[PDB]
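In what follows, a structure is listed as structure tokens, so that the remarks can point back to it.
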Amino acid sequence: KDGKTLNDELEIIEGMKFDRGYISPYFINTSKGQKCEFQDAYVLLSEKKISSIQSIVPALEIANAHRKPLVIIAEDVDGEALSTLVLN
Amino acid sequence: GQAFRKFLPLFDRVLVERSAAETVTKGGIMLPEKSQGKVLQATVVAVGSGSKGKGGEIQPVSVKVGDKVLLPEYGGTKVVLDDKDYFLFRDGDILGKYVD
Amino acid sequence: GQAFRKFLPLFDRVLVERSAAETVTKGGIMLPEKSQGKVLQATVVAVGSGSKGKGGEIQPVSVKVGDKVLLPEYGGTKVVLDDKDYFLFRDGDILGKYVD
Amino acid sequence: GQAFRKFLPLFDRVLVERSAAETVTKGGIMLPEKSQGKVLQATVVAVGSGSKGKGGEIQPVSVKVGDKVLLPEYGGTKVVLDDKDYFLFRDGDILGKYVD
Amino acid sequence: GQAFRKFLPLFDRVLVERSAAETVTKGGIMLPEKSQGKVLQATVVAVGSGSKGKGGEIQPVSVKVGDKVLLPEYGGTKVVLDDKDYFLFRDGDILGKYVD
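Set out below in structure tokens:
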């Protein structure tokens with residue numbers, strides 16, 4: 176790929192990176208770099224869009240009961256679910 | 003009949019107060035203030051005099067003040083008493099009554 | 003029945019006068035003349051004779067002159083007396099009766 | 003009438019519980035959860051008080067708790083009791099009654 | 003009333019069984035199975051208790067089990083008994099009844 180400096184650089188992309196950003200800025204928790212960071216976080220993988228509030232509450236209840244951060248990967252988050260998440 | 007806050011329903015109309023909308027689930031999650039929609043639990047505060055719909059003598063209302071009832075989700079009329087909302091239904095539209 | 007300004011309703015029709023609209027809030031803010039809408043508070047001025055729809059005998063109107071009542075939102079008819087505006091309603095349409 | 007889970011239907015309304023839809027046919031094939039649709043087999047869990055639509059005295063409902071009935075495919079009203087589903091019907095909206 | 007194959011209609015509903023659709027004409031040519039459509043010949047198999055729409059005492063249904071009747075071409079309700087199909091009609095919709 177094309178570089179932007181006088182010296183060519185070698186970069187390694189380990190782990191799993193799929194190049195998608197957080198839907199809303201309100202999730203940011205680290206000022207430096209504007210990043211969202213969690214340790215020992217649950218992941219909810221949904222093949223279909225998550226819109227209805229009835230479909231999202233139980234996962235949040237489980238996460239709160241176990242007191243662990245939650246990451247939601249899906250097609251998209253609708254206005255209702257996004258509003259609930261940001262409010263919480 | 004029974005009046006309430008200087009108000010008195012006519013014929014067989016019944017005045018009820020809706021219950022508070024749920025904002026915190028059984029867990030530690032709050033719900034949006036626009037997602038509660040409408041509640042179907044209400045409390046009777048006033049009762050009309052009698053029913054015009056019965057032939058000959060008019061009949062009394064079948065519910066009494068203080069009870070808990072399950073309102074229908076489509077009917078009703080909105081009335082304002084001292085800026086507090088109140089809803090007016092007919093006797094035949096009250097879906098059911100709770101017991102203790 | 004009871005006459006008023008040389009007018010007498012027929013059957014159970016009731017003539018009511020709408021209360022004056024509100025133009026100043028509880029503070030000092032005035033209101034536009036196009037936003038108050040239509041006021042639902044009125045007073046009874048004239049009363050008809052009785053109810054024709056009842057089998058056999060005819061029942062008299064259930065409200066008495068001088069009472070304050072809450073009108074519905076869609077019914078009513080316009081009648082002009084001494085170039086003033088008054089509204090005519092049926093007995094059944096009167097929602098509730100204010101008491102003192 | 004008869005109460006059920008601290009609920010009492012009013013007038014002639016009847017509260018019934020829908021039966022559980024089959025999931026495996028006579029053979030060893032199990033069917034989709036979205037295909038069974040709606041089942042019209044239900045049981046009576048609560049009954050109303052009496053028929054308001056009957057002139058003069060009120061006739062009681064024609065069914066009693068514990069019987070099995072065949073519901074219509076378009077009527078019914080939804081109520082939630084203890085996070086469990088129940089449906090409310092008028093006494094005259096039931097098609098037939100199973101007898102043992 | 004009269005029960006049939008573990009079922010009993012309510013009020014004045016009548017349960018009937020449609021006759022078999024003909025497949026062969028007076029000649030030797032038989033008919034396609036997609037053209038015979040619906041037949042209007044059936045026999046009464048179950049009879050309700052009595053008419054509910056009649057004021058006062060309920061009058062019993064005007065037909066008895068074993069009779070042959072002519073059904074309307076638009077109304078009816080479908081019920082499945084022992085994997086077999088039966089149709090339920092209101093007593094007032096039976097056009098006619100055959101005699102022998």
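Chains as they are written, first to last, in the authors' numbering: chain B, 176 to 263; chain I, 3 to 102; chain H, 3 to 102; chain J, 3 to 102; chain K, 3 to 102.
For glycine and all other residues, C-beta sits at the position ideal for the given N, C-alpha and C.
Between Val252 (chain B) and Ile225 (chain B), the gap from beta carbon to beta carbon is short of 7 Å. Judged by DSSP secondary structure, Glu184 (chain B) falls outside any alpha helix (DSSP H); it is assigned neither H nor E.
Close partners of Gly57 (chain I) in chain H (Cβ separation under 8 Å): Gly57.
Between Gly29 (chain I) and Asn239 (chain B), the CB-CB gap stays under 7 Å. Distance from the CA of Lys223 (chain B) to the CA of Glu19 (chain J), rounded to the nearest whole angstrom, comes to 32 Å. Think of a sphere of 7 Å around the beta carbon of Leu72 (chain I): the chain J residues whose beta carbon falls inside it are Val81, in chain order.
The stretch 88 to 100 of chain J and the stretch 9 to 24 of chain J touch, with no fewer than 3 CB-CB distances between them shorter than 8 Å. Look at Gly3 (chain H): its C-beta is not under 7 Å from any C-beta on chain I. Among the residues of chain I, those whose CB is under 9 Å from the CB of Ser64 (chain H) are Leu12, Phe13, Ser51 and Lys54, following chain order. Shown here for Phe6 (chain J): same chain residues with a beta carbon closer than 7 Å to its own, the five before and five after excluded, namely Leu17, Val47 and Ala48 in chain order.
The shortest C-alpha to C-alpha distance from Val67 (chain K) to any of K:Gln38, K:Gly94, K:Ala22 and K:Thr45 is the one to K:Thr45.
The beta carbon of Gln38 (chain K) lies closer than 6 Å to those of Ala23 in the same chain, with the five residues before and after it left out. By the neighbour-count criterion, in which 16 or more other beta carbons inside 10 Å mark a residue as buried, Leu42 (chain K) falls on the exposed side. If you draw a straight line from the Cα of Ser258 (chain B) to the Cα of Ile198 (chain B), it comes to about 12 Å. By the rule that beta-carbons nearer than 7 Å mark a contact, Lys40 (chain I) does not touch chain J. Taking the Cα positions, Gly58 (chain J) is about 11 Å away from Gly57 (chain K). Secondary structure note for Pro233 (chain B): its alpha helix (DSSP H) is the uninterrupted segment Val232 to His241. For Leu262 (chain B), the uninterrupted alpha helix (DSSP H) segment begins and ends at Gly254 to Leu262.
Separation of the CB atoms of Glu75 (chain I) and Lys40 (chain I) is rounded to 7 Å, and the pair is thereby assigned contact status at 8 Å. Here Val63 (chain I) is buried: its Cβ has 16 or more other Cβ atoms, across all protein chains shown, within 10 Å. Neighbours of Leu97 (chain J) in chain K, taken as residues whose beta carbon is under 8 Å from its own, are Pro11, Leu12, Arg15, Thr79, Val81 and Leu90 in chain order. Annotation for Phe202 (chain B): no beta strand (DSSP E) segment contains it, and DSSP assigns it neither H nor E.
Not one beta carbon of chain B lies nearer than 7 Å to the beta carbon of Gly94 (chain I). Of the candidates K:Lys70, K:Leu97, K:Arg92 and K:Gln4, K:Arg92 places its Cα closest to the Cα of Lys80 (chain K).
Residues of chain H whose Cβ lies closer than 9 Å to the Cβ of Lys8 (chain I) are, in chain order, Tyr100, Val101 and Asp102.
Burial check for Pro11 (chain H): the Cβ neighbour count within 10 Å reaches 16 or more, so the residue is buried. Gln61 (chain H) carries a strand assignment under DSSP once its states are collapsed to helix, strand and coil. According to the DSSP assignment, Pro74 (chain H) belongs to no beta strand (DSSP E), since it is labelled neither H nor E. Under the DSSP assignment, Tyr100 (chain K) falls outside any beta strand (DSSP E); it carries neither an H nor an E label. For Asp93 (chain J), the three-state secondary structure derived from DSSP is helix. Assignment of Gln38 (chain K) by DSSP, reduced to helix, strand and coil, places it in the coil class.
Spatial neighbours of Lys70 (chain J) in its own chain (CB-CB distance under 6 Å, excluding positions within 5 residues in sequence) are listed in chain order as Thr45 and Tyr100. Ranked by how close their Cα comes to the Cα of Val232 (chain B), the residues I:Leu83, I:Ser53 and I:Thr25 have I:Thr25 in first place. In the three-state scheme derived from DSSP, where H, G and I count as helix and E and B as strand, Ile228 (chain B) is classed as helix.
In the same chain as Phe9 (chain J), and ignoring 5 residues on each side of it, the C-beta atoms closer than 8 Å to its own belong to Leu17, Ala48, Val81 and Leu83, in chain order.
Where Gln43 (chain J) is concerned, the enclosing beta strand (DSSP E) starts and stops at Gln43 to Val49.
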